[PDB]
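>>> sequence below, structure please.
(chains A, B, C, D, E, F, G and H)
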Amino acid sequence: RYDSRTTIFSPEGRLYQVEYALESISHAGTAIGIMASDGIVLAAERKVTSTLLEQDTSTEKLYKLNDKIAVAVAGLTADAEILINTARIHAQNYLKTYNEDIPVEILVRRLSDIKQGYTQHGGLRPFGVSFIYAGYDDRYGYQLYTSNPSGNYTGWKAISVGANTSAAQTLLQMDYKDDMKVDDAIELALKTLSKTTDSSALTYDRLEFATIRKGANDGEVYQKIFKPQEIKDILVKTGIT
Amino acid sequence: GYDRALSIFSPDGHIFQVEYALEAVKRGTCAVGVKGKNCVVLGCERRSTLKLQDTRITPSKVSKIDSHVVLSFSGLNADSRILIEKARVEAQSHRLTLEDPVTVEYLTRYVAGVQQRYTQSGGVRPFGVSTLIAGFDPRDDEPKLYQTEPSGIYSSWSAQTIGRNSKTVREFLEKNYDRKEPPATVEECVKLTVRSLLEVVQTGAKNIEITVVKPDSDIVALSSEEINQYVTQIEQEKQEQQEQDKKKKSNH
Amino acid sequence: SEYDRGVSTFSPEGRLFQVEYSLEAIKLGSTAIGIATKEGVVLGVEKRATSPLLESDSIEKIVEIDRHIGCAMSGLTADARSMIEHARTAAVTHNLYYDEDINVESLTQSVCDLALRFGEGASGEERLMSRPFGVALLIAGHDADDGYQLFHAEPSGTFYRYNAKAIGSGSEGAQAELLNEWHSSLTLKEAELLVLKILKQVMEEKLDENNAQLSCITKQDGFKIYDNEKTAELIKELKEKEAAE
Amino acid sequence: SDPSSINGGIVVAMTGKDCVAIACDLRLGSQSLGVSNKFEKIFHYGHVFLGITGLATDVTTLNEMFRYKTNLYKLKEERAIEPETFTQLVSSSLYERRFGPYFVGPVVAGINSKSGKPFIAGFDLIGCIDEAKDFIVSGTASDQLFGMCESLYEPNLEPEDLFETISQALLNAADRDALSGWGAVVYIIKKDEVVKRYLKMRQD
Amino acid sequence: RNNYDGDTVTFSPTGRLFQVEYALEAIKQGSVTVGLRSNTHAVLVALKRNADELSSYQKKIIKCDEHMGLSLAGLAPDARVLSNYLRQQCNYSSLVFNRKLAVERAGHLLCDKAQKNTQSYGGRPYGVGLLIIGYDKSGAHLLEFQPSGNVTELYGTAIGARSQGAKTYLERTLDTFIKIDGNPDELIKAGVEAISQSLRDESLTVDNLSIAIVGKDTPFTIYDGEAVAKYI
Amino acid sequence: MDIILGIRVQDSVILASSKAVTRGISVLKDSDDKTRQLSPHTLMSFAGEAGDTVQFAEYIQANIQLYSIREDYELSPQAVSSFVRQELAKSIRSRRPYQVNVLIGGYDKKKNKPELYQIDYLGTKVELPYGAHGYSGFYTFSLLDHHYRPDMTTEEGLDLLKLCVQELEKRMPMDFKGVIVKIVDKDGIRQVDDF
Amino acid sequence: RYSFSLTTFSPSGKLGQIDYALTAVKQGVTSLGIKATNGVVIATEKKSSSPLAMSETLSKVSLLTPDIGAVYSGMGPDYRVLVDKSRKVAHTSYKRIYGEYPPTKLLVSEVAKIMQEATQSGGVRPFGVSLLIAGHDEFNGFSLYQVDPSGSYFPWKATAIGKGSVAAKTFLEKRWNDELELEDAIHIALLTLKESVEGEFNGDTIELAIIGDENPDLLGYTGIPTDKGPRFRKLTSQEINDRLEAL
Amino acid sequence: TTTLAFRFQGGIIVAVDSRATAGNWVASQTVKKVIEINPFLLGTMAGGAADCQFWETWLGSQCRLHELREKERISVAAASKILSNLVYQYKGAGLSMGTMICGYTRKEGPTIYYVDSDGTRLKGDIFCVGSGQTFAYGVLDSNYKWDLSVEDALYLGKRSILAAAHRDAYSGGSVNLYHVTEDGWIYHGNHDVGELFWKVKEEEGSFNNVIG
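Numbering: from 1, shown residues only, chains lettered A, B, ... in the order given. Pasting the structure now:
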């Protein structure tokens, strides 16, 4: 119809192919980034589990981009793979050239342009992956963004991608407090994943989590991926288990 | 078919992909441009949806192309990004080649050229993005405001509305604004851009963004307070209007 | 019919439907009328605006090609942006190689050669143009080995020499009138006012100096784009003339 | 002469019982004119320490380049690169331009994390692993350093004594060369502490 | 069926392609020309058609080289290409081999040129018929080039609209014009007759006739306007 | 032929460049400019081969200013000098041998201090508070450091640059026909007339 | 129109080609891996489809590196190209950047990356197979992994794929223990695979190999202590038999 | 070759000679050495003659192209910089150049840029290019003023070419001056050196080691 090429537009004056790719992101699980002035928590959901699934020796919805920017993953992992690798390469290409770590804003911009190119040119598929980017660069402090499949970006103070977006967003903005705390944000995340996800228990092995903090020294940022057994201790504290 | 590609001329001499690109513009935000005699105001509607959206780190709908040429855009933001980057790179290149700053005319003709090229081929669709390019000439004062379309046609217009429900703004802009005598002051100019946008927002001074370009490489983007002060002055003169009708009715 | 979706592609009449389709795009355009006389070629146009804010004398429909070839255009300005630049290139590179004012007839062929390309590559010329152009041109100039000439360029790569030709919406009404009123004996002043007479009739707007724009190629004056004060003077001379009639 | 000989700079590394020492001069020279006295030459990417001697332009660009590959490595594997594995990376980068090679002579120093064995290696213009566990030298005074280090060296040294051995080795050799000296710096890599100690010394 | 006419890479069950026959039709849609020849001269006589009477015709004779030249019938975009290549081969022979290129071999490279776009996807068989006349070492020749690329050495043929009436004029009188030699005027007289039978609803004008001649000591010359008013 | 000098004080970089351009055995014009500004707080004085100076300086001027516009905030001196070293590093292994040595003296706004770099034609950047290139550095590396103290004021350092001009005039056999001095601070870049 | 290119998507997301690609996997024979705390056992079967056809010319168990073997489930021919490429990239991408045989996680990604390129193009079919890749390195230990047609990979404690997937999956869940040795795994592997065909089982029809301890025997050379023999080992037909007698 | 150019208030005088020399053989004593870029820009030939002839006509084709494209007159700055890029691309390939592009425009005033093949573009007010550039500066400076009459300015270029032509071996032939105004150059003819030199002797009292 007007799915038939990616380089043709519908008489409505939308593009069905892109819209369709946007629906691709609602067959994968929730990912939540909340920015606080005292840190960013990055949270991700594992949409597949089994009792023989090894998932306790692996990170796969948390990928470090350089030493100061990391992303959370929602969507197809095959789609994700190619763009994460490219992003890591460009961000650190900036490091070589300019002898400073890449600003958060430029690297998202670079990557959103490449997405638009796959729709604009050739007969390639658009990519149905929504990444929440969390970084630190001196020129605007903590910085949070997230990217659409279309190939554009918007800033946020909190955002949710993945499945059941509409509900999840509702829940976040009800319970947000403008100053926030890094600890209160983690707690908020878990509260939200618990409700959108049908895994009622919401166990450690179903959660990936990363916190970006400047608490390690000053002027120096430490990105710490939470490891499984640690994820289990903070569910007791919030009472979920 | 016959709308299935750009390489189909169609049995009516219309390129459907150019037509559908046009329809695309409407979905983006409203934008209005108004020239004075010592300014251009380049104004845009600023979208809101949530108060968890930043405005701190997030692009505006206005982007400085160089330092004396500016651009506002309407359409898909995703599409527009690539448009804006190319427009900028060329504007810097212009001084690589000649050692002059860019002309306003040179630039708009180029950005339509880039889409026209895309339109011409069949492999690639053109962008669904219309821009207003505002600026002043290299050494001179003479305000310049220009329009581009996805077809790759460019024009000059004294004043112009593009984006969501362009026509309904347009008619109002037409009536109040004149070709014969454009706004005296930069101040008066800005408020006219505010009247136009007021309509399309509903309520707001927080979903209205104002920027000014003036000659001599002067670009300033006006603070939010000053926009709030102006939406309130427009409501104050508007109240004077309601009453003035009541008085006129009593007299006669 | 249904054979028109490719970049060639016949057609039981034996025509290229794609090529033909682009002809009807020209009727979309704004009327453009030219009248050759042995004193010069007068190129007039119609300018259409969608609102009076559109700055009428900022849009291009008459353009300078070199210093002695001018063109008027009707159709898409998108398709004309590439087409015109080619013709400019051509004329400037001809002066480079030979120190000669390009011939009207050869300049026409030059335009029309780019035009021929409709493929995505093919034997003979290499084609990159993925669709017909959707703009015809009137090419007017003066060489000194064949005088003042008027050509009509088509985006079909057919070029006809003409003595008076109109295209766009008002094409049909203009062409009938020009059939009953051509002479070899027209002065440049009769030619100018003939363009305005015909132009009002095939207009469906109101005629002013901003919905009109005349120009000439005469060797002495070179290519001269007229002023609006100048163009108004002729409009005034128009009203005076019908009184007598 | 050789562009490597023109700009100058020395790098010398050593082995001990669970320690390695790696030291350099601070001299930057462009011909006989001394440019700088306080530019270091040893860098590090992770806990693997790299020196680079030779032409200055390739010494800074190859610092940037190996940093660049190791930071990709780190992210991918989710662990810091080892010296053993970094010694191969070093040869591979150098071999990639044979007929327009980088004029440098790298020295690799570290101690493995997987075994804790002390590790060092030497390189050359177009590069190969040149293995020892004695010492590696490079630079314009490389010929002075090669004999000078050997007399002083004994195996199974403590980290604090290994310092004495390298310091002595570098300073006197540096002094008796025109395009080296001019201040120094030494890193002693224990295991998990690195002490960085700048040599007070006579200027050249 | 004819669902097969949309690709030139697809054959029919009747052992055809549809696009190549359609390209044949395209010739007929255009102007008309008659070629004929003698042993010491070759002649094309072609009708110039104009869009309207302020329009001043279309040049239907393209001079190839000073021993060869050709006329067109059908679509003009197509003709300009085929002509260009042919001229290129005549100039190549003259530079590198110091030869006037044979009419037979030149016609044969054109047949090979046609098949290049027929085989490959994209491009099309050309939609113009060409009649090439020339004078080489082996004396006068008249070749009939076709869209297909079938090349046919003939004493007289005619292509274009309602051209069957010229072949009837030429068929009756076949042996007569072979015997004419040394007199170009008389081959022109025969050609003028010929192109009369082809017309319907028209009459010959000094600017309808365009007469093209090459022979033994005469190079290729195209007569137009006031050089066709001796034989009007 | 050609001098470029640098000294950094506690709030400014003073860069200076020779007025003369000598192409051939004739001084091609006596008074000229021979510095171009990359950014509104970063200055590039240049000297080297013929007309490679100009092309390279214009190349770098476009590209640093490009990033400034996109981010909406000018690059630092650490980044800018580094960019330029990258370029030189390509250029010496490229079919086209640029032979342009430069000094990058800027004001870091985010750090709030001057930074003066010496970047060589070969492609080596080192931060240095007295650098130069050519045969400028052959006389004045010694002279500066003698009368230089860590602390200075802008008035002292200009006068110390005048001292260095004098030395250069006696014992260097090239004329410079004066020197130009632009002072780069936090308040922009300004021309200050000195001999 | 939704299902019939790699370039097209649906109003339910995804591509038709990935769903069908998954179907291709399940048409294959049953192949399985069980991870133990000191090893990984990898097993597959061979169906000769004639007594004339030899069982050894089919190689469904292939060394990628001599530390990392693989099997597949799916279409036979597709396997063969992908193994040839897997080696070819194993040496290129991380044996001239690392200069020794890749860690398990890395190669998993490189193999995964080829699958991803074979989805990425419009007009190029994705692979007919999903692999299991089991391997060893020092840093992440013994490990076992699945590379699915999409270009996506998952680490697993135990899994199975192919036709016998539903019976095998439910067996593997019940019978895995927290801690187990390799030797015990061989017996659990054998018992699971026998579900899939009965009365045609035996150590000539069953291909079984491991990535267990080094064998300095099969290293090929001696007197150099720093290097180790291959961790990968192919069990012979007589060795399968011994282990089968002991059940 | 002795070309020299100098701005004054009246315009720009471009003064050039007409003797091209191969070696011991004198190749021509009549050669035009102002290549007329378009009505408004005058270039000069020195260095490689062949290079200068072709590319300067080429700058000229680009001038017309630029004029069409913008609907405004080229800038002096724009013309030079294009020629400067062009020659920088081919550097070191048997390309050599010795041009001043001289122009007087009603938006930038009189301007001279010397362009060289090695990518030098240098702004000046006095230039001299050639083998006789050495000789040209001498006379030219000492009798120069920014306030100078048109008639005297032409006189000034007449004495400079002759003083160089006398003492240079490769220079002579004829003296070609051109004066560029806002409405473009006016050619001031060809004056044979021979004849002209003697008149200048009587009036000025110069050339005393020449007895006639």
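
>>> okay, helices next: where are they in chain G?
G:16-27, G:76-92, G:104-120, G:165-175, G:182-193, G:237-245 (DSSP state H).

>>> stretch B:184-193 close to chain C?
No. Stretch B:184-193 does not reach chain C (Cβ under 8 Å from any Cβ of the partner chain); its nearest approach is 13.4 Å. C-beta coordinates here come from the backbone N, C-alpha and C atoms, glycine included.

>>> and that stretch, what's buried?
By neighbour count with 16 or more other Cβ atoms under 10 Å in any protein chain shown, stretch B:184-193 contains the buried residues B:186, B:189-193.

>>> please apply the same query to stretch E:219-232.
E:220-224, E:228, E:231.

>>> over to stretch D:174-188?
In stretch D:174-188, counting by 16+ other Cβ under 10 Å, buried: D:174-175, D:177, D:179-188.

>>> can you pick out the most distant pair from those?
Using Cβ to Cβ, the buried residues of stretch D:174-188 reach their maximum pairwise distance at D:179 and D:188, which is 25.6 Å.

>>> near chain A, which residues of chain F? Just list them.
Within chain F, the positions near chain A by Cβ under 8 Å from any Cβ are F:70-71, F:73, F:75-76, F:78-79, F:82-83, F:86, F:110.

>>> 10 Å - rerun?
Residues of chain F lying close to chain A by Cβ under 10 Å from any Cβ of the partner chain are F:67, F:70-73, F:75-76, F:78-83, F:85-87, F:110, F:125.

>>> just the ones in strands from those, please.
Among the residues of chain F next to chain A, the ones falling in strands (DSSP state E) are residue F:125.

>>> so where do the helices sit in chain C?
Per DSSP H, chain C carries helices over the ranges C:17-21, C:77-98, C:104-116, C:171-178, C:188-201, C:228-244.

>>> and the last one, how far out from the chain's middle?
Its chain's average C-alpha position is 23 Å from that of helix C:228-244, according to Cα atoms, centre = their mean, to the nearest Å.

>>> that one near chain B at all?
No. Looking at helix C:228-244 against chain B by Cβ under 10 Å from any Cβ, there are no contacts, and the closest approach is 13.9 Å.

>>> which residue does chain C bring closest to chain A?
Nearest residue of chain C to chain A (Cβ to the nearest Cβ) works out as residue C:130 at 11.8 Å.

>>> likewise chain D?
Residue nearest to chain A within chain D: residue D:68 (4.7 Å; Cβ to the nearest Cβ).

>>> wait, that residue touches residue A:96, no?
Yes. Between residue D:68 and residue A:96 there is a contact under Cβ atoms under 10 Å: 4.7 Å.

>>> from the buried residues of stretch D:174-188, which land in helices?
Secondary structure assignment by DSSP H places D:174-175 of the buried residues of stretch D:174-188 in helices.

>>> contacts only, for the residue of chain C closest to chain A.
B:5-7, B:119-124, C:7, C:117-120 (Cβ atoms under 10 Å, 6 or more residues apart in numbering or on different chains).

>>> show me just the buried residues among those.
Using 16+ other Cβ under 10 Å as the burial test, these include B:5-7, B:119-122, B:124, C:7, C:117-120 as buried.
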